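For reference, the chain that follows is the form deposited in one PDB entry, supplied as structure tokens.
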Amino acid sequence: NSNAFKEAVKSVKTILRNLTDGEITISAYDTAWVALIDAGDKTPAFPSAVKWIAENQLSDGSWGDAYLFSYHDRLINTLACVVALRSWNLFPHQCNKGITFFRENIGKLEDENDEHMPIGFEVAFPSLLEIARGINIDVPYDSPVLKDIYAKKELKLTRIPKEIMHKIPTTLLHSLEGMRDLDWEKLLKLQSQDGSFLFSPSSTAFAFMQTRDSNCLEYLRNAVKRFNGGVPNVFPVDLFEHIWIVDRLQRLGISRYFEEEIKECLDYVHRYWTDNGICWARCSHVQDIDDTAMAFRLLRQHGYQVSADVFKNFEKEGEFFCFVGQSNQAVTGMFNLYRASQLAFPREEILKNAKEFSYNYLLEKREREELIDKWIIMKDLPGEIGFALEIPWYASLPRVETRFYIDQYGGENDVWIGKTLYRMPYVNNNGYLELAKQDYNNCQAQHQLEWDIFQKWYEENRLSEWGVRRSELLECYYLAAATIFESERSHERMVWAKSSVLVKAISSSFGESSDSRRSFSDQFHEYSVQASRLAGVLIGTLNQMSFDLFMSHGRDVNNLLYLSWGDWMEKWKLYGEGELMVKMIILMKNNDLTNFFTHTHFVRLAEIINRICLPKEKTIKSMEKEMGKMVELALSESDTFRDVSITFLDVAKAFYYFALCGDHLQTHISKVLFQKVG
């Protein structure tokens, strides 16, 4: 909580409060199509788009992404801008430098092995070349590398279902500028509600040139105004931006700083949610599975009511697809489907099918070394997918997922792929990463203090002689700290860790028979020599914890502590650790939620947790089924009771993670607790 830290938090809040239709970089290709429009008197309709072009040429004469050089991106943006400038006979200094760049680099188009192909390049690029030849621009139309691209365009055009494109909304509307022989009377019926052709400024500019439709013009006027002459390759991106910012702040481990602002963002997303899902932009007649899956997951996680029926439209013969009627299955979309499918409730068959499909799809891509995505160049997509394949959501503890994501997140260096390369500065942001590194390291420093205190407690109480090994001590501390990690929740974190250790000692030391258990239970109330000693350890520890909470927060929970341990002991002697830990955590909270221990919803959750937290595949699957019921109950909870339901889910996930991964935790424990980020 340095001043600098607080100011950084305030800067992220200012971002969140001020989101509108998307902070997205300008596409020179799209700006050039806007700049081509004739106002009606043989002058540009948008002189500020022509100015943008001339002002934003790169020093080598190209246009495009300055920080990620791609021949495809540079050559299509540069050709478009030269066509725009030459068409009006304006800015010849820039126009000629662009022609020089094109002449010198066109032969290099295919030089980069792993270069990602801009969307629609193979139709859009030859189309621009034919415009350029029409206005007599002297570039090498006969460059040898250009034989195979032109062949591809005619092939693509014969495959497009052009009659369907005129009847129902499809993704083809985003790219009309490379097509010929269109029927505008039909296509105008498919205009989006903001005047665009599927949120593409270039496609909309071409439509306007062919139809002079006023609603196309208003979409363009609005975009050119917002971006001071330029336009992006897709706009708006309001839903994409709202959803991805929430996802990134959550995964980076810093979302608790932004609770109010995140609620407002998700209220916005929910306002535009529909029974058919969503795309990147509100109020669309085309939806996509990546936006739909991300919004579904975040809305369900935050307690909004959403139906898994939204996914039905994307399913075909047991497989799932990014868009209806297209074969694309992007790694990132299927990753986001896999994440969403894990929030399925027991009755949601379509998500069970989606979970199987997307898990197996990603497993195969990983095996074949095809974890590469058409929509984005990321720092570490294989790392993200690898973690998701290895650690299901039911086993994913907050600090474990965050510790790995902070090393995967690309910050400002990720680049998205549209018709041209683009950036999303409020999704992919180095300041978020710096805040996340600082916060992670600050919490980790506190955990290291506590780990020293905990080892001193273990040694002073001689717990090694009551059957608790050093390796177990570290596991108990880790599961608690990786779950309840905040510096201000030390009391909850430490009561869970110490309680779990004492249950192990008591069980190891007195759990063998009914006599041994009675012996211990009697000594607890009475406080056989041995049982009295371990009993005093337990009692001393409860007293210290309640005293510390009283001195720090004024809350007296002593009687509550003893009641809960008493209840656990009764059942143990006869024959429920999950429920004991949940009560302990709730007791140490800086408020009073213990009034809920009697509530029907508490009792229901307690019944389920005691079935998860058992005293192997079959056992894991049994736990998952019970987990599924807990999730549905917890996620459907009243706001005041939310903290309690969250606690049940916390404890259960720690148990599930241990059951699944507990044979080989060493690298996770080291990264989470003992290796600083950065």
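One rule holds for the numbers: they count along the sequence shown, beginning at 1. Rigid core (definition): largest C-alpha set, two forms, superposition within 1.5 Å.
Heads up, the form deposited in another entry isn't pictured, but that's what we're talking about next.
Among the candidates 370, 460, 275, 110, displacement between this form and the one not shown reaches 2 angstroms at the C-alpha for one position only, 110 (superposition on the rigid core). Once the rigid core is used as the reference frame, the Cα position of residue 147 differs between this form and the one not shown by 2 Å or more.
In that other deposited form, the CA atoms of residue 114 and residue 124 come closer by at least 3 angstroms compared with the shown structure. Between residue 113 and residue 178, the Cα spacing is smaller in that other deposited form than in the shown form, differing by no less than 3 Å.
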